[PDB]
Amino acid sequence: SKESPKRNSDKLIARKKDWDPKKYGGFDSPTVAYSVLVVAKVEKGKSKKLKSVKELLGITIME
DNA sequence: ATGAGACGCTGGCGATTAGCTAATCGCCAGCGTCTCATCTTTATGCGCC
């Protein structure tokens with residue numbers, strides 16, 4: 001990713017293993033190696049219904 | 001009787017900027033009368049090809 005503080009976002013990447021980016025701050029903007037087309041089901045709404053969905057998954061270089 | 005051909009950070013964020021059905025339930029439903037006549041039809045009661 002890009003090499004450049006703590007924030008309440010999920011885009012932050014843990015700088016070390018146990019170092020939580022929500023309490024320590026971390027990395028940002030991961031470079032997607034290649035996108036993966038997936039098709040399955042996730043929960044949706046307050047009733048958590050499993051609806052069939054298809055979308056593009058972002059596989060970064062680290063991943 | 002020499003002087004053209006070879007052209008940028010973008011993607012990955014935030015952060016504006018913009019905009020929309022849908023699922024749940026409740027409420028709450030114009031209505032009041034009379035007159036007048038009019039016809040039916042039903043319950044019971046009575047008769048043999």
# chains A, B, ... in the order shown; residues from 1 in each chain; ligands from 1
call {"tool": "residues_around", "arguments": {"residues": "residue A:24", "least_positions_apart": "2", "cutoff": "10 Å", "atoms": "only C-alpha atoms (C1' of nucleotides)", "output": "number ranges by chain"}}
result
A: 5-7, 14-16, 19-22, 26
call {"tool": "interface_residues", "arguments": {"of": "chain A", "to": "chain B", "cutoff": "10 Å", "atoms": "only C-alpha atoms (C1' of nucleotides)", "output": "PDB file with C-alpha atoms, in the first residue's frame"}}
result
ATOM      1  CA  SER A   1       0.000   0.000   0.000  1.00  0.00           C
ATOM      2  CA  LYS A   2       0.903   3.670   0.286  1.00  0.00           C
ATOM      3  CA  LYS A  11      -9.532   1.210   5.752  1.00  0.00           C
ATOM      4  CA  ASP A  28      -4.081   3.332   4.245  1.00  0.00           C
ATOM      5  CA  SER A  29      -5.134   2.730   0.630  1.00  0.00           C
ATOM      6  CA  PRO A  30      -4.244  -0.897  -0.139  1.00  0.00           C
ATOM      7  CA  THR A  31      -3.309  -1.611  -3.731  1.00  0.00           C
TER       8      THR A  31
END
call {"tool": "select_by_dssp", "arguments": {"residues": "stretch 2-62 of chain A", "states": "alpha helix (DSSP H)", "output": "list in words"}}
result
residues 21, 22, 23 and 24 of chain A
call {"tool": "residues_around", "arguments": {"residues": "residue A:57", "least_positions_apart": "6", "cutoff": "9 Å", "atoms": "only C-alpha atoms (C1' of nucleotides)", "output": "JSON, numbers by chain"}}
result
{"A": [34, 35, 36, 37, 38]}
call {"tool": "write_last_selection", "arguments": {"atoms": "N, CA, C and O atoms", "output": "PDB file, in the first residue's frame"}}
result
ATOM      1  N   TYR A  34      -5.537  -7.930  -7.810  1.00  0.00           N
ATOM      2  CA  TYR A  34      -6.497  -8.308  -8.835  1.00  0.00           C
ATOM      3  C   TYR A  34      -7.847  -8.539  -8.179  1.00  0.00           C
ATOM      4  O   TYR A  34      -7.925  -9.046  -7.062  1.00  0.00           O
ATOM      5  N   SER A  35      -8.902  -8.149  -8.881  1.00  0.00           N
ATOM      6  CA  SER A  35     -10.250  -8.302  -8.364  1.00  0.00           C
ATOM      7  C   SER A  35     -10.774  -9.716  -8.566  1.00  0.00           C
ATOM      8  O   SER A  35     -10.442 -10.382  -9.548  1.00  0.00           O
ATOM      9  N   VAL A  36     -11.539 -10.200  -7.593  1.00  0.00           N
ATOM     10  CA  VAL A  36     -12.108 -11.541  -7.638  1.00  0.00           C
ATOM     11  C   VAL A  36     -13.627 -11.436  -7.665  1.00  0.00           C
ATOM     12  O   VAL A  36     -14.229 -10.787  -6.803  1.00  0.00           O
ATOM     13  N   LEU A  37     -14.236 -12.071  -8.664  1.00  0.00           N
ATOM     14  CA  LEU A  37     -15.687 -12.130  -8.820  1.00  0.00           C
ATOM     15  C   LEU A  37     -16.236 -13.239  -7.926  1.00  0.00           C
ATOM     16  O   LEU A  37     -15.920 -14.415  -8.128  1.00  0.00           O
ATOM     17  N   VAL A  38     -17.048 -12.877  -6.933  1.00  0.00           N
ATOM     18  CA  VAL A  38     -17.606 -13.851  -6.004  1.00  0.00           C
ATOM     19  C   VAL A  38     -19.125 -13.815  -6.114  1.00  0.00           C
ATOM     20  O   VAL A  38     -19.717 -12.817  -6.524  1.00  0.00           O
TER      21      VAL A  38
END
call {"tool": "atom_distance", "arguments": {"atom1": "atom CA of residue A:58", "atom2": "atom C1' of residue B:15"}}
result
22.0 Å
call {"tool": "atom_distance", "arguments": {"atom1": "atom CA of residue A:47", "atom2": "atom CA of residue A:10"}}
result
24.1 Å
call {"tool": "select_by_dssp", "arguments": {"residues": "chain A", "states": "strand (DSSP E or B)", "output": "list in words"}}
result
residues 2, 13, 27, 28, 32, 33, 34, 35, 36, 37, 38, 39, 40, 41, 42, 43, 44, 49, 50, 51, 52, 53, 54, 55, 56, 57, 58, 59 and 60 of chain A
call {"tool": "write_last_selection", "arguments": {"atoms": "C-alpha atoms", "output": "PDB file, in the first residue's frame"}}
result
ATOM      1  CA  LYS A   2       0.903   3.670   0.286  1.00  0.00           C
ATOM      2  CA  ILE A  13      -4.251  -1.664   8.138  1.00  0.00           C
ATOM      3  CA  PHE A  27      -1.685   2.171   6.931  1.00  0.00           C
ATOM      4  CA  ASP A  28      -4.081   3.332   4.245  1.00  0.00           C
ATOM      5  CA  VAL A  32      -5.640  -4.233  -5.151  1.00  0.00           C
ATOM      6  CA  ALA A  33      -3.555  -6.889  -6.877  1.00  0.00           C
ATOM      7  CA  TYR A  34      -6.497  -8.308  -8.835  1.00  0.00           C
ATOM      8  CA  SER A  35     -10.250  -8.302  -8.364  1.00  0.00           C
ATOM      9  CA  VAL A  36     -12.108 -11.541  -7.638  1.00  0.00           C
ATOM     10  CA  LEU A  37     -15.687 -12.130  -8.820  1.00  0.00           C
ATOM     11  CA  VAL A  38     -17.606 -13.851  -6.004  1.00  0.00           C
ATOM     12  CA  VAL A  39     -21.221 -15.090  -5.737  1.00  0.00           C
ATOM     13  CA  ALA A  40     -22.762 -16.213  -2.422  1.00  0.00           C
ATOM     14  CA  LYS A  41     -25.038 -14.964   0.346  1.00  0.00           C
ATOM     15  CA  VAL A  42     -24.618 -12.423   3.161  1.00  0.00           C
ATOM     16  CA  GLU A  43     -27.067 -11.279   5.855  1.00  0.00           C
ATOM     17  CA  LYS A  44     -29.184  -8.235   5.023  1.00  0.00           C
ATOM     18  CA  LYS A  49     -31.732 -12.625   5.711  1.00  0.00           C
ATOM     19  CA  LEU A  50     -29.314 -14.538   3.494  1.00  0.00           C
ATOM     20  CA  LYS A  51     -29.759 -12.934   0.080  1.00  0.00           C
ATOM     21  CA  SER A  52     -27.918 -14.129  -3.012  1.00  0.00           C
ATOM     22  CA  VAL A  53     -25.373 -11.529  -4.087  1.00  0.00           C
ATOM     23  CA  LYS A  54     -22.586 -11.229  -6.635  1.00  0.00           C
ATOM     24  CA  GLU A  55     -19.870  -8.569  -6.593  1.00  0.00           C
ATOM     25  CA  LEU A  56     -16.169  -7.863  -7.105  1.00  0.00           C
ATOM     26  CA  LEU A  57     -13.819  -8.688  -4.244  1.00  0.00           C
ATOM     27  CA  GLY A  58     -10.598  -6.703  -3.882  1.00  0.00           C
ATOM     28  CA  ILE A  59      -7.566  -8.960  -3.437  1.00  0.00           C
ATOM     29  CA  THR A  60      -4.684  -6.753  -2.390  1.00  0.00           C
TER      30      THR A  60
END
